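The chain below stands alone, shown as structure tokens; this is the form deposited in one PDB entry.
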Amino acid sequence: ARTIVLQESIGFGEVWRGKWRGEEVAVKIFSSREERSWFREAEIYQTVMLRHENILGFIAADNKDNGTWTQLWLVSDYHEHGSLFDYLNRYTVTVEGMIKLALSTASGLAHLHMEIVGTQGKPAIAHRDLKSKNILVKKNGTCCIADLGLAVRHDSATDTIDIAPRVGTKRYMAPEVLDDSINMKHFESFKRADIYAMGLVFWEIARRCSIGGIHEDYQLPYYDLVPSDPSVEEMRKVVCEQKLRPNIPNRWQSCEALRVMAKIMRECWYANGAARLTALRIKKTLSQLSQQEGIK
């Protein structure tokens, strides 16, 4: 923190583009009264064997005293494209482009979800706030997952969670979170809730897949059913009571890649978390799709 110069506001806490010896970094800055949120996110990022090409690259947790108040810093790799939300608003994608964004997101989530067993292993982690606004797009057109502050970690020996857990973004909350039926002592239930949210993100990507000049406008999931900044009650009435999901355009049946993406979405969107695909199964499916004749 001592040797980083903040240059530009780029969106708990606030995010800046900084320079460390002339190299661009991203800095999320918290106030003294946000220490618990800063510490918890620092803790998640310092998890043994967390580093992965599809998880935002951690550089440091640090303090900076400006002479009046102390700032709490989280420093990461800088990605010029910023959030998948901003990227999908600005650009359309090719079939290959769509699969790369979806596969890289699934690979990041499969890694978070995966317990790497050992005396020195990585615990399984559930994100609990996955959305297009906290996935970043790298220069190579792959995604990495950020904003890990609400994550929960699994102790597989006792089947317990490392903290005492409706915390995340209301629009992306799983049906079982919206109606508060989720078993918050059951780690597997948090993994299944992440899959529902990733299905919504896949729908946002697929809309922007342009074939023969044809694509949908960028929209958030449920743009057609709830107000901007929706309440838990507004979301619950649509997702749980009326049992609606984002609409699958008829266009997506014209293309094998979009057909497979649409099938993944419906198998992420079941009301019962136990019925949903795993991140690893989605990663396997999109890996196979990426190499298919007519796609590759």
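From 1 onward, residues are counted along the sequence shown. What we label the rigid core is the largest C-alpha set whose atoms superpose within 1.5 Å from one form to the other.
Modelling of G82 is complete across the other compared entries in which both of its neighbours are modelled; not even a third of them leave it out. Compared with other entries of the same protein, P165 falls in the group left without coordinates by at least a third of them, where both flanks are modelled. In this entry, no coordinate-free residues of the deposited sequence separate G121 from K122. The modelled chain breaks between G11 and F12, where 1 to 3 residues of the deposited sequence lack coordinates. Look at the mean CA B-factor for 103 to 111 and for 214 to 222 in the entry; the higher one is 214 to 222.
The mean Cα B-factor in the deposited entry runs higher for 255 to 263 than for the other of 255 to 263 and 234 to 242. Taking the PDB entry at face value, the top CA B factor among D147, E204, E80, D180 belongs to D180.
Ranking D62, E43, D229, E53 by the C-alpha B-factor listed in the PDB entry places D229 at the top. Sort the modelled residues of the chain by CA B factor and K133 lands in the lowest third. In the deposited entry, the Cα temperature factor of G57 places it in the lowest third of its chain's modelled residues. For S76, the recorded CA temperature factor ranks within the lowest third of the chain's modelled residues. For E188, the recorded CA temperature factor ranks within the highest third of the chain's modelled residues. Among the modelled residues of the chain, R208 sits in the middle third by CA temperature factor in this PDB entry.
The same protein also has a form deposited in another entry, omitted here; what follows describes it.
The residue among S231, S32, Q242, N247 whose Cα moves by 2 angstroms or more between this form and the one not shown, once the core is superposed, is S32.
The Cα position of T47 differs by 2 Å or more between this form and the one not shown after fitting on the rigid core. Once you line up the core between this form and the one not shown, the Cα of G213 stays within less than 2 Å of where it was. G141 shows a C-alpha shift below 2 Å between this form and the one not shown [criterion: core-superposed Cα displacement of 2 Å]. Relative to the shown form, the Cα atoms of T47 and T285 move apart by 3 Å or more in that other deposited form. In that other deposited form, the separation between the C-alpha atoms of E34 and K133 shrinks by 3 Å or more relative to the displayed form.
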